[PDB]
Structures are given as C-alpha cells and as structure tokens.
Amino acid sequence: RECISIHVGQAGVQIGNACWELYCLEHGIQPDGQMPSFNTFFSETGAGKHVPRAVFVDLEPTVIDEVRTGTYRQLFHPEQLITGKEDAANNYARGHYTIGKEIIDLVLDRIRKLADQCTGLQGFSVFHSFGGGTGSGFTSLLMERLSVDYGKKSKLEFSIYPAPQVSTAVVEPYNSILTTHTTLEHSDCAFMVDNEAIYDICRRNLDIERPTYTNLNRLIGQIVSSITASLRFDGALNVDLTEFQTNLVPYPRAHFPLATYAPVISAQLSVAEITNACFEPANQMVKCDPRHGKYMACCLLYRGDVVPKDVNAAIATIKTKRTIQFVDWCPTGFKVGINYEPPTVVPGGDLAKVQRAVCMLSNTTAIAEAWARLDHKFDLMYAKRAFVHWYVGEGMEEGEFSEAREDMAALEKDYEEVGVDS
Amino acid sequence: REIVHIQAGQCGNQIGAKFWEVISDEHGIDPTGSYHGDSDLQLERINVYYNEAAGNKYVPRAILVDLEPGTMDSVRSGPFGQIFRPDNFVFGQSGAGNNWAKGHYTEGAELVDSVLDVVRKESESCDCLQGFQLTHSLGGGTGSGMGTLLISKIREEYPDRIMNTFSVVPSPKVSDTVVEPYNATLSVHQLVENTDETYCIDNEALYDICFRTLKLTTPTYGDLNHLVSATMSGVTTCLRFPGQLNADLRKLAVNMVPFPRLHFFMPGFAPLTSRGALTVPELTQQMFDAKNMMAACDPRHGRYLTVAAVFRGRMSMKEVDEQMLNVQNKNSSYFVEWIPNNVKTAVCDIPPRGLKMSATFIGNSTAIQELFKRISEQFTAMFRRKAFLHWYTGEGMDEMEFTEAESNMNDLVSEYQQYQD
Amino acid sequence: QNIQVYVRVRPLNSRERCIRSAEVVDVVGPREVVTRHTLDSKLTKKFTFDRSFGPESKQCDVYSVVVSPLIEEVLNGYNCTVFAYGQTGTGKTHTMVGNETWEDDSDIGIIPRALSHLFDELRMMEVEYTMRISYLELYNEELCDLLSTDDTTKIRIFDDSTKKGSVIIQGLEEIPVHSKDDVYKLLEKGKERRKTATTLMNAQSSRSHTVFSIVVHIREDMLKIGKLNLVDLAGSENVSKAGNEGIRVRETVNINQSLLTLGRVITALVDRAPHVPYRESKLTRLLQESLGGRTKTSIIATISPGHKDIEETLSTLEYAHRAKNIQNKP
Ligand SMILES: Nc1nc2c(ncn2[C@@H]2O[C@H](COP(=O)(O)OP(=O)(O)OP(=O)(O)O)[C@@H](O)[C@H]2O)c(=O)[nH]1
Ligand SMILES: Nc1ncnc2c1ncn2[C@@H]1O[C@H](COP(=O)(O)OP(=O)(O)NP(=O)(O)O)[C@@H](O)[C@H]1O
Ligand SMILES: Nc1nc2c(ncn2[C@@H]2O[C@H](COP(=O)(O)OP(=O)(O)O)[C@@H](O)[C@H]2O)c(=O)[nH]1
Ligand SMILES: [Mg+2]
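Protein chains in written order, with the deposited numbering: chain A, 2 to 38, 49 to 278, 285 to 439; chain B, 2 to 44, 47 to 279, 285 to 360, 369 to 437; chain C, 18 to 118, 125 to 243, 250 to 274, 276 to 360.
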C-alpha cells in the first residue's frame with residue numbers, strides 16, 4: 002500500500018517542493034518531522060520522525076541546495092539526496108550517455124533500499140521535463156533500468172511538455188523526439204501538461220498578472236495529490252493505480268491521458290456546475306481542442322463532500338449534451354473516484370478553501386494534435402541540420418533521429434486509427 | 002564548478018581590473034581577501052571564482068600575463084593591488100608593440116610555456132574545470148599574439164572545456180596607428196578553428212552607449228570598462244546564485260551555436276540610464297533596441313540566429329515570455345525561418369546590488385558579417401601594396417600565412433549571407 | 018561528369034550471428050537495385066546505383082568493376098578519388114586496403136592491387152614517370168605522416184593561388200617508386216603505423232581518417254600530373270554500441287563530428303547553396319576539390335544487412351542516393 006517518488010531534473014525538484022509540502026501539510030506533518038500529539052508515502056522510525064519515500068537526483072548541484080540548505084532540510088535524509096557534478100547542457104545525448112551512465116548506478120542502489128523498506132510496492136511517479144536535457148537523457152536510461160528489475164510495477168510519468176509557441180530553450184523540440192521512444196515503449200502511463208495553458212488559468216480564474224513557477228507548481232501538486240494520496244483513504248468507491256492501465260488504456264500503445272482540474276475561484286459553486294468545467298476546452302491544461310478529436314476513455318476522481326446518488330444525473334447530462342462525439346468502443350467507460358477527504362489550501366497559496374473538488378483524467382485523440390504542433394518544429398531544424406553537432410559530439414548518432422521520427426508518425430496514426438473504426 | 006580567466010595584453014589587463022572590482026563588490030569581499038558581506042548566498048558558490056586561503060582569506064583565481072611590466076605594475080599599484088598573489092604575474096620585458104608575429108610566433112613563444120605551467124598548476128588544485136575566459140585585443144599585437152597561441156595549447160590540453168573569449172574588435176572609427184587591422188586577420192586565423200565561442204566588442208559602440216544614454220561629457224577610458232565589466236558577469240550569473248533556469252556556460256553555448264563555426268555574439272547591458285519608469289517590460293524594449301549592441305553594426309541590417317536573455321531580479325516568466333513572444337511576432341523578418349524560437353531565457357533569482373531589475377543580452381545575429389567586412393577591406397587594400405610587410409616579414413612569417421587569412425576570413429563572412437536570406 | 022556511386026553489402030559477422038540477427042537487405046548484381054526493408058517484409062525501399070555488390074563478391078571483383086576503369090583514365094591528366102564511409106564494422110578498411118597483402128585475383132585490397140595494376144599501365148606506355156605516395160592519418164584534428172620518418176614537424180594545410188580546389192601540404196616526403204618491392208615494405212609500416220584499437224564492434228576498428236593519396240608525373250611534350258586519392262575514412266561509431274570507458279571516447283568525438291560535416295557538404299551541393307562550409311573540418315578541405323570541382327570522383331558504400339542496425343543502414347543510404355545530382359567541371 003506504499004509507493005516511492007522520483008523527481009529527475011530541475012523541473013522535478015522545484016515541482017516536488019510544493020508536492021511534498023502539500024504531502025507534509027495534508028497529514029499534519031511538521032516541517033521538522035515530529036507529528037504533534049496511515050503511512051503510505053513515509054516510513055516512521057522510532058524517533059518520531061517521518062521520511063519521504065522520494066528520490067531527488069540532479070546532474071547539477073545548483074537546485075538541490077535550496078531544499079537541503081534552507082527549509083525542509085530536516086524532512087529529508089541526504090541518503091535519498093543524490094547529486095551530480097555537471098549539467099547535461101540540455102543535451103539528451105550528454106544526459107543519457109556521457110554523464111548519466113556514470114551516476115545512474117548510484118541512484119539504483121538507493122532504490123532497492125527503499126523498495127525493500129516498503130511492502131507491496133504499488134509503483135512510483137516520474138517527474139522530469141521532456142524539453143530539458145536532464146529530464147530527457149538521465150530519465151530515459153533510468154527508466155530502462157526500472158523495467159528490467161521491476162517488470163510488474165506501475166510507472167506514472169508527469170512530463171511537463173513545452174508550448175507550441177512559448178519556449179525557453181532552442182533545442183527543446185529535439186529532446187521530445189528522443190524521449191518518445193523511451194517513454195512509449197517503457198512507461199505505461201505518462202501525463203503531459205504545458206505551462207502555456209497553465210498561464211491561461213492563472214490570468215483568467217485567479218486574475219493574477221504575476222504567476223511564477225511556484226504558483227504553477229502548487230497547481231500540479233494538487234493533481235498528483237488526488238491521484239494517489241486520496242486513493243489511500245476509503246470512500247463510496249475507492250480506486251487503485253493499477254486498474255488505470257486497463258480502465259484507461261484500452262490497448263497497449265494508447266496511453267497519454269489528459270488531465271484537467273479547475274475548481275479555481277478567488278476568495285457560488287454547485288456540484289454539477291463544477292463538473293461541467295472539467296470538459297470545457299478553455300481549461301484543459303494543454304493547447305488542444307476536444308472538438309477536433311474524440312473522447313476514448315475518461316475517469317473522474319471526486320474530492321471532499323460528494324454524494325454519488327445525485328451525481329449520476331450530472332454524468333447523464335454529459336451524454337444528454339452529446340456534441341462531443343464520443344467514440345463507440347467504450348459506452349460505459351466512467352470509473353468514478355469517490356474520496357471522502359477534502360483537499361487543503363497551503364497557507365500563502367492562491368487557491369480558495371473549497372468543500373469539494375474534481376480532477377479529470379481522460380485519453381483522447383486531442384493529444385495527437387499536440388504532436389502535430391511539435392513535428393513541424395523538429396523537421397525544420399533537421400532540414401538545415403543545425404545544432405546537430407552537439408548530440409553527435411556526445412556520441413549519439415543521427416540515425417537515432419530518423420528512427421525516432423517514425424515512432425512519432427506511427428504513434429500519431431494509432432490514435433487517428435481508432436476514430437475510423439465504428 | 003571552477004573557471005579560469007586569463008588576461009593578456011596592454012588593453013586586456015586594464016579591462017579585468019574593473020571586472021574583479023565588480024565581482025569583489027558583488028560578494029562583498031574586501032580587497033585584502035577578508036569577507037565582510039551580509040548575504041549568505043554569496044558564499047554558496049564562492050568556489051567558482053576564488054580559492055580558500057589561510058586565515059579565511061580569498062584569492063582571485065586569476066592569471067595576469069603581459070609583455071610589458073609597466074602596465075601590470077600599475078594594476079598591482081592601485082586599488083586591489085594586493086588581491087592577486089604575485090606568483091601569478093608572468094611577464095617579461097621588450098613588449099611586442101602591436102607586432103602580432105612577434106607576440107604569437109617568435110617572442111611570446113619563449114614566455115608561452117611559462118604561462119602554461121601556471122595554467123596547468125591552477126587546474127589541478129581546482130575541483131573540475133568548466134570554461135576558459137580570455138580578455139584581450141584582436142587588433143593589439145601582444146594579446147592577440149600570445150592569446151591565440153595560449154588558446155591553441157590550452158584547448159589541445161582541454162578539449163572538453165569551454166573557450167569563451169571576451170575580445171575587443173578593431174574599431175574602424177578610432178585607432179592610434181593605421182597598422183592595427185593587420186592583426187585581426189592574423190588573430191581570427193587561429194581563433195575560429197581553436198575557439199568554442201567568441202564575443203565581439205567595438206570602441207565606437209563603447210563611446211556610443213556612454214554618450215547616448217549616460218549623457219556624460221567626458222567618457223573616461225576606465226568608465227568604458229565599467230560597461231563591459233558587468234556583461235561578463237551576466238554570463239556567469241547562472242553559476243553563482245540559484246535561479247529558475249540556471250543556464251550553465253556550456254548550456255549557453257549549445258543554445259546559441261547553430262554550427263561549430265559561427266559562434267560570434269554581441270553582448271549588451273540594457274538597464275543603464277541617466278538620473279531620470286523601471287519595469288520588467290522596460291528591459292525587453294531596450295534589449296532588442298540597437299542602442300545596446302556593443303558591435304559597430306545595425307542588428308537590423310542582418311537577421312538573428314539565436315538570442316539569449318539573462319534577467320536579474322524577481323520576475324515571472326509569464327511577464328517575460330508574453331513580453332518575449334511579441335518580439336518573435338513584431339519583427340518576423342528579423343529572425344530566420346527554420347528556427348521557431350529564437351529566444352533563450354535564463355532567470356537568475358538574485359539581481360546585482370542597488371538595482372531591483374536587470375537584463376543581460378546575448379545574441380548571435382548575421383550583423384557580425386559587416387563588422388568583419390570592415391577589417392577585410394582595409395586588410396586587402398594594404399596587402400596589395402605590401403606596405404609595412406618588412407616590419408612583419410623579417411620575423412619569420414611567410415606570405416601564404418596571410419593568403420589563407422584572407423579566404424578563411426571571408427568564408428566566415430559569406431556563411432551569414434546564406435543564413436540571413 | 019556524374020559521380021559514380023556504388024554500394025556493397027557485407028556478410029553477417031560473429032556478433033550478428035551471436036545476437037541472432039537475420040538478413041533484411043538483399044541485392045541484385047546486374048540490375049544494381051538494392052532492396053532493403055524492416056524485419057517483416059511488407060514495405061521495401063528501392064535504391065538505384067551504378068552497381069550493386071553482394072556479400073560473396075571478392076575484393077578484386079569490386080576493384081575490377083568500379084576501380085579498374087578509373088585506373089586507365091588517370092593518364093589523361095585528371096584526378097580521381099574513392100572512399101568508403103558508413104557504420105562501424107561495415108568493412109570499409111578491409112574493402113579499400115585489405116587485411117593481408125601481386126596479381127589482381129586474390130583477396131588483396133584495392134591499394135596494393137592498384138600499385139600492381141597501374142605499374143604495368145605505365146610500363147606499357149614506356150613513358151617517363153616520377154611516382155610517389157603519401158600515407159597520413161587524421162587523428163583528433165592532427166596530421167601525422169605515416170610514410171615520413173620523423174613527422175615531428177607541425178603539419179598544416181594551406182590554400183593555393185593557382186590551384187583553387189587544391190591545398191598545399193608541408194612535410195610530405197614524396198619517396199620515388201620504381202619497383203613494387205620498395206612500396207610494399209613502407210606501406211606495411213604505414214598500416215603498422217595506423218592507429219587502431221580494439222572495439223566490441225571491431226577489434227581492428229579504424230580510429231582515424233587515413234587519406235592515402237597517389238600522385239605521379241607524366242612526361243613524353251605536354252607534361253601531365255596524375256592524381257589519385259585512395260581515401261580510407263573512419264566509420265560512424267555508436268558510442269554506446271562499440272563500448273568504451276576515457277581516452278578512446280575522445281577519439282569518438284572527433285571521428286563522429288567529422289563525418290557529420292561531410293554529409294552537409296553533399297546537402298549544400300545538392301540544393302546548390304551559394305557556398306559550402308568546407309572550413310569547419312580539415313577532412314572537408316582535403317576532399318574540397320574532390321567534391322564539386324574538376325575531378326571524376328566515386329564512392330563505394332558499405333552497409334550491414336542486420337535487422338538491428340537498420341537505422342544507420344537506411345540513414346547512410348540517403349547521402350549516397352543524393353550524390354548522383356552533384357555535378358563537376360571536367
Ligand atoms: N512549469 C514549470 N516548468 C519547469 C519548472 N522547472 C523546470 N521547468 C521546465 O524544465 C525545463 C528544463 O528542464 P531540466 O532538464 O530539469 O533543466 P535542468 O535540470 O537545469 O537540466 P538542463 O535542461 O539540461 O539544463 C525548462 O524548459 C522548463 O520549461 C517549473 O518549476 N515549472
Ligand atoms: N565482404 C566481407 N566479407 C567478410 N568479412 C568482411 C567483409 N568486409 C569486411 N569484413 C570483415 O569485417 C571486419 C570489419 O573490418 P573493417 O574494414 O575495419 O570494418 P570498418 O567498417 O572499416 N570499421 P573501421 O575499421 O573503423 O573502418 C573485419 O574483420 C573484416 O575482415
Ligand atoms: N575597453 C578598453 N579598450 C582599450 C583600453 N586600452 C586600450 N584599449 C583598446 O585596445 C586596442 C589595442 O590594444 P593594445 O594596446 O595594442 O594591446 P597590446 O597588444 O598589448 O599592445 C586599442 O584599439 C584600444 O581601443 C581600455 O582601457 N579599455
Ligand atoms: Mg535545464
């Protein structure tokens with residue numbers, strides 16, 4: 002009934018900051034580790060201390076210091092803290108072969124210590140960046156070692172994907188092509204969210220013209236909280252992680268769900290009116306259009322005070338409003354997550370104290386459209402063959418690119434193929 | 002992460018004098034080596052540019068090299084005169100005097116190996132080298148002479164390290180002798196093939212910025228160094244402090260360089276104004297504007313390949329990227345087509369002292385093709401008459417050494433012609 | 018005028034049989050149409066070349082087909098050049114040079136066969152000749168003369184005023200040759216001087232670009254200088270596949287970064303860019319005149335038929351097919 006955490010790259014560290022802060026505050030853990038006066052994500056020694064079942068590994072020692080030298084340095088044991096000595100320079104090549112191969116072995120050693128410390132490992136969640144190098148190369152090699160030792164384990168991924176228009180680095184489109192072969196073949200479930208649409212919510216619902224990373228990260232943390240931490244408390248219908256690979260992924264190579272979660276009001286919200294926002298395209302957290310594609314599978318997870326009996330009417334209204342062109346393969350694909358515990362607001366956060374919350378997961382053909390945004394960006398730079406020498410410098414040959422580009426085409430068709438069948 | 006920085010030549014040794022003075026005032030370290038700042042983040048990455056000393060002192064990890072003692076003695080004479088350890092001074096007499104052949108091939112070569120020993124001794128005591136900075140001249144015989152040979156031997160010893168060069172381009176506007184352009188063709192002849200990345204600065208732009216925005220009547224030569232001083236700090240800023248996207252030096256190199264040859268860029272410091285409005289978008293406008301380009305060319309004449317932005321202060325990238333995205337749309341003709349995002353953002357949390373916001377510009381555009389056309393024309397014109405060759409011919413430099421210097425130069429210039437449009 | 022482009026397929030090696038890799042690529046000799054595809058023979062691509070070569074073909078056979086007709090055209094005063102390039106262990110070093118060293128019948132390589140075959144060609148004319156050789160390897164952006172005795176002098180590469188495409192080399196000891204015995208004693212030292220290390224892909228994997236040029240003057250009067258560049262490049266090395274932990279990994283950088291520059295030279299010449307960046311590699315400047323100049327050049331590609339190494343196989347074929355559009359100035 003326990004699972005561990007993996008946060009690779011700068012994205013993983015800063016994101017997890019709010020994640021564990023939530024986890025620490027969700028259950029009344031002090032920043033020291035001493036609960037005044049359940050154990051799913053923590054082990055408890057006899058000293059009255061809790062420890063997070065986390066793995067924070069970074070190839071640059073810059074970002075880790077913020078945690079281990081400021082606050083929350085008592086909650087962590089440096090045992091888990093693994094650190095590199097040089098950044099991957101946003102090169103999947105250097106991240107995978109050059110530096111990561113020299114650090115990866117140290118990481119695996121700490122994992123078997125935790126897995127044995129736990130009993131009945133449910134899996135682990137992956138945190139990294141598809142655009143960044145560290146989240147591309149070091150992650151990919153790391154993932155491959157996991158499936159070798161732990162074949163029958165869940166592998167969730169939260170890879171923040173860059174925007175079609177807004178970007179931070181120039182070689183971002185090159186990493187995504189290399190990671191596609193890595194995640195799709197190995198990982199069973201991966202979640203792609205993009206800060207662009209995350210900005211859209213913060214300037215529409217929160218009315219905030221100064222959203223920083225910390226604000227966006229606290230939002231992502233709430234998604235992960237309800238996915239696992241709430242499923243560790245019983246309700247009308249509790250859900251597990253493993254059924255998702257069967258309840259949400261109706262075929263082997265069909266797994267890239269879309270997540271939405273928008274109970275965002277500044278300091285009246287009826288039940289059904291909240292659930293409607295889960296399907297509004299304007300807050301889908303990824304720049305796509307549900308009307309462009311179709312809906313394959315979709316399961317919900319309700320937080321706080323929710324009564325299933327009158328809920329069934331709201332679910333029916335989704336079918337009664339049938340303009341979304343639901344696919345034919347799954348008529349009754351709605352697993353309802355019913356958790357009695359409500360979410361909590363972190364002091365100094367930008368979210369209001371709600372009495373009920375709903376977070377949606379759904380695979381669809383719309384995520385295939387996000388690939389169409391990327392594919393052109395990659396092909397143009399490959400035509401002039403620019404910035405390619407760096408990856409050849411570390412030793413990854415250009416043949417990898419041609420091979421990996423076809424996996425993007427083949428995967429994008431598979432989602433298009435499902436709509437044809439009727 | 003450790004980085005070694007080298008000074009060479011009459012001009013180069015003067016420029017660093019302000020540089021370290023800024024870095025020392027950055028962390029708040031008194032000239033003698035005692036630390037008296039108040040910020041604890043200053044000591047978080049002190050290893051980058053200093054070595055711990057006895058009695059809790061600090062030593063600037065520097066190498067001071069020249070062919071003339073007078074210029075270097077003045078540095079040790081004035082403020083921060085005791086901050087270096089004198090053993091790092093490596094020099095001799097009989098300066099080259101704008102004689103590249105003497106500086107690179109014949110005279111400095113005798114002093115070259117002595118410098119390599121101090122370079123080699125420095126690296127081993129360091130944990131792990133990151134990059135190599137060399138401040139020198141391109142038109143000055145000495146700095147270009149030794150510096151080019153200095154880079155050749157260093158890169159041969161360290162292929163994995165970063166060869167960043169902050170050099171001064173011979174300005175077509177002002178110079179003391181008309182023989183200065185010859186050195187540049189001989190300078191870059193060794194640079195491109197043996198350097199990872201190069202920074203271009205012009206004196207005309209130097210006086211241009213101090214005259215326009217600063218509105219100073221008498222621009223002193225030291226105050227021009229005050230401009231270039233912080234520009235290098237912007238490149239390093241991601242290494243010292245924790246930030247949102249700490250773009251390391253090698254990370255920055257990969258973002259700009261589209262091909263292992265075309266690695267010349269144009270720095271520029273935006274937030275400088277008269278005593279007279286201070287917003288974050290206020291920096292973005294100054295960033296793209298030509299009045300902050302340290303090259304003697306209009307960046308709008310050519311087109312940009314890549315642009316790196318390093319911001320100093322509490323800033324939301326939402327306020328950045330939305331402001332940044334306009335530049336991609338406002339001037340669509342100014343960027344190439346096959347690169348969708350020409351921008352490289354890097355947000356370091358801590359700004360310099370005094371100011372609350374700041375911006376560090378790093379851009380590689382095709383405009384540099386013009387700056388080298390200035391040198392090539394004068395070089396070819398004076399080469400036809402073969403005037404003042406016996407000043408260089410007797411030192412043991414064959415004519416064909418100049419011949420390749422011509423074609424290999426213009427090939428770099430012709431490269432941007434296609435990539436522009 | 019068009020550059021002749023042929024392709025050869027090697028047999029499966031030990032590891033190709035140890036990993037149990039099946040044959041996915043096939044050839045047709047006379048039709049010169051190599052058929053290649055993935056594991057499941059469903060969709061297949063068609064590559065047309067001047068000639069095809071199966072795995073059972075001999076070294077002298079490939080020499081007879083492509084290399085031999087170019088031997089006789091040297092005396093007209095024109096330059097020729099041919100080189101193999103591709104994935105590691107495809108068999109380039111064995112094809113061009115040959116593993117173990125008179126007649127053009129045995130498994131002897133191209134280079135010592137060229138010396139045996141051309142020697143009678145000059146003797147048949149009874150012309151006055153001064154033939155010399157050159158053995159150099161490009162290792163980590165350094166020039167090392169194998170044939171030279173001392174080679175301590177820093178070898179540079181300069182341009183020329185008269186010859187626009189050519190480049191002047193200093194320190195190349197042009198030893199005259201009048202007998203085949205004298206050439207074999209030094210050349211075997213050249214491959215003894217050839218820097219090689221053991222890899223899991225190939226225990227005799229080349230570790231440097233060995234550009235072996237041949238030059239001979241002709242006088243009988251219109252003086253002529255025959256030029257032939259028997260180039261033996263290093264192969265592309267998947268740094269994870271070969272296996273190394276180090277000093278060897280520094281070699282992989284320069285070798286792999288060099289081939290990448292080569293391909294763009296074809297990319298620019300096919301799409302007809304105003305200029306082509308030969309300046310970024312010493313290797314590119316060596317073949318600068320060879321690529322898009324006044325020289326009848328040829329290329330002999332080698333590809334593994336292994337299903338595993340399909341990616342490098344298919345990708346390498348790209349530059350080979352595109353090269354047929356490149357023109358010259360005869
Ligand atoms: N939304 C959001 N994105 C982030 C955050 N932190 C990092 N990222 C993304 O992560 C990308 C870079 O990922 P990383 O690989 O982790 O960066 P790194 O750890 O310094 O390693 P390199 O990319 O190789 O430099 C950036 O482009 C960001 O878009 C964050 O806190 N919030
Ligand atoms: N046609 C062939 N039939 C059988 N064996 C071959 C053939 N071609 C090459 N080989 C063998 O394959 C191995 C590879 O030799 P080699 O020529 O060095 O490969 P390569 O592609 O040139 N890699 P490199 O050594 O770096 O140039 C040697 O043991 C050769 O004897
Ligand atoms: N920015 C700046 N440039 C300088 C300074 N002093 C000299 N220069 C430039 O350096 C160039 C020539 O350098 P030079 O004195 O010949 O260096 P040398 O090779 O050691 O003799 C001149 O064109 C000047 O513009 C200075 O204090 N600051
Ligand atoms: Mg990064």
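Using N, Cα and C, we set each Cβ at its ideal position, and we do this for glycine too.
{"Check": "In terms of residue numbering, what span does the alpha helix (DSSP H) encompassing A:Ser165 cover?", "Outcome": "Segment 165-171 is the beta strand (DSSP E) holding A:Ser165; no alpha helix (DSSP H) there."}
{"Check": "Considering only heavy atoms of ligand 3, does any lie closer than 7 Å to the CB of B:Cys305?", "Outcome": "no"}
{"Check": "Can you tell which of A:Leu23, A:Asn18, A:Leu286, A:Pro63 has the C-alpha that lies nearest to the C-alpha of A:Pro364?", "Outcome": "A:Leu23"}
{"Check": "List the residues of chain A that B:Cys305 touches, going by C-beta distances under 7 Å, in chain order.", "Outcome": "Going along chain A, no residue has its Cβ under 7 Å from B:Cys305, so there is no contact; the nearest lies around 23 Å."}
{"Check": "Name the two residues that bound the continuous beta strand (DSSP E) containing C:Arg53.", "Outcome": "50-54"}
{"Check": "Can you tell me whether A:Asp367 sits near ligand 1, meaning its C-beta is under 7 Å from at least one heavy atom of the ligand?", "Outcome": "no"}
{"Check": "Tell me whether A:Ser140 counts as near ligand 1, meaning its Cβ is closer than 7 Å to at least one heavy atom of that ligand.", "Outcome": "yes"}
{"Check": "Any heavy atom of ligand 3 closer than 7 Å to the CB of B:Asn258?", "Outcome": "no"}
{"Check": "Pull up the CB-CB distance for B:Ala9 and B:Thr145, whole angstroms please, since I reckon it's below 8 Å.", "Outcome": "7 Å"}
{"Check": "Could you check whether the Cβ of B:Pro263 sits closer than 8 Å to any Cβ belonging to chain C?", "Outcome": "yes"}
{"Check": "Give me the Cβ distance between C:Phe235 and C:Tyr158, rounded to the nearest whole Å; I'm assuming they're in contact under 8 Å.", "Outcome": "6 Å"}
{"Check": "Could you tell me if the beta carbon of B:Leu387 falls within a distance shorter than 7 Å of some heavy atom in ligand 5?", "Outcome": "Looking at this structure, you won't find ligand 5 anywhere; what it does contain is ligand 1, ligand 2, ligand 3 and ligand 4."}
{"Check": "Have a look at C:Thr110, C:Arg146, C:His305 and flag the residue whose alpha-carbon is nearest the alpha-carbon of C:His232.", "Outcome": "C:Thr110"}
{"Check": "If the criterion is Cβ atoms closer than 8 Å, does the pair C:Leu210 and C:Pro135 meet it?", "Outcome": "yes"}
{"Check": "Within a Cβ cutoff of 6 Å, which residues of the same chain sit near C:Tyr23, ignoring the five residues on either side of it in sequence?", "Outcome": "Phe66, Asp67, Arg68, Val83, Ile330"}
{"Check": "Let me confirm a value: C:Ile180 is counted as buried when at least 16 other C-beta atoms fall within 10 Å, else exposed. Which label applies?", "Outcome": "exposed"}
{"Check": "According to a CB-to-CB cut-off of less than 7 Å, which residues of the segment 304-323 of chain C neighbour chain B?", "Outcome": "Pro304, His305, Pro307, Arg309, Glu310"}
{"Check": "When burial is assigned at 16 or more other CB atoms within 10 Å of the CB, is A:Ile188 buried or exposed?", "Outcome": "buried"}
{"Check": "Going along the chain, which residues of its own chain have a beta-carbon closer than 8 Å to the beta-carbon of A:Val235, five neighbours each way excluded?", "Outcome": "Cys20, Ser136, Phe169"}
{"Check": "Within the chosen definition, does the segment 50-61 of chain A reach the segment 184-201 of chain A through at least 3 CB pairs nearer than 8 Å?", "Outcome": "no"}
{"Check": "On the DSSP bridge list, what partners appear for C:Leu257?", "Outcome": "C:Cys97, C:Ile237"}
{"Check": "So C:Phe235 contacts chain B; which residues on that side make the cut at Cβ distance below 9 Å?", "Outcome": "In chain order: nothing, as chain B lies at least about 24 Å away."}
{"Check": "Give me the subset of the segment 396-423 of chain A whose CB atoms are less than 7 Å from a CB atom of chain B, sorted by chain position.", "Outcome": "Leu397, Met398, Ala400, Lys401, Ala403, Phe404, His406, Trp407"}
{"Check": "For C:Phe64 versus C:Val51, is the C-beta spacing smaller than 8 Å?", "Outcome": "yes"}
{"Check": "What are the residues in the segment 65-76 of chain C lying within 9 Å of chain A by C-beta distance?", "Outcome": "none"}
{"Check": "Can at least three beta-carbon pairs, one atom from the segment 337-346 of chain C and one from the segment 45-59 of chain C, be found at a separation below 8 Å?", "Outcome": "yes"}
{"Check": "Determine whether the beta carbon atoms of B:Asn249 and A:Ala180 lie at a separation below 8 Å.", "Outcome": "no"}
{"Check": "Residues of chain B with a CB under 7 Å from the CB of A:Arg221: which are they?", "Outcome": "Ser324, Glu327"}
{"Check": "What residues of chain B sit near A:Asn300, judged by a beta carbon separation below 7 Å?", "Outcome": "Under the 7 Å cutoff, chain B gives no residues; its nearest Cβ is about 16 Å from A:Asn300."}
{"Check": "With DSSP as the reference, identify every bridge partner of B:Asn54, one or two as the case may be.", "Outcome": "B:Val62"}
{"Check": "Using CA coordinates, which residue listed in A:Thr381, A:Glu411, A:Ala385, A:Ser419 is at the minimum distance from A:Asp396?", "Outcome": "A:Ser419"}
{"Check": "One question on the structure: do C:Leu166 and C:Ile156 come within less than 8 Å of each other, judged by their Cβ atoms?", "Outcome": "no"}
{"Check": "Taking 8 Å as the threshold (beta carbon to beta carbon), is C:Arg302 in contact with chain B?", "Outcome": "no"}
{"Check": "What does the Cβ neighbour count give for B:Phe404, buried or exposed, with the cut at 16 atoms within 10 Å?", "Outcome": "exposed"}
{"Check": "Under the rule that 16 or more other beta-carbon atoms within 10 Å means buried, what is A:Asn329, buried or exposed?", "Outcome": "exposed"}
{"Check": "Please report the residue range of the alpha helix (DSSP H) in which B:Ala354 lies.", "Outcome": "No alpha helix (DSSP H) contains B:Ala354, which is instead part of the beta strand (DSSP E) from 351-356."}
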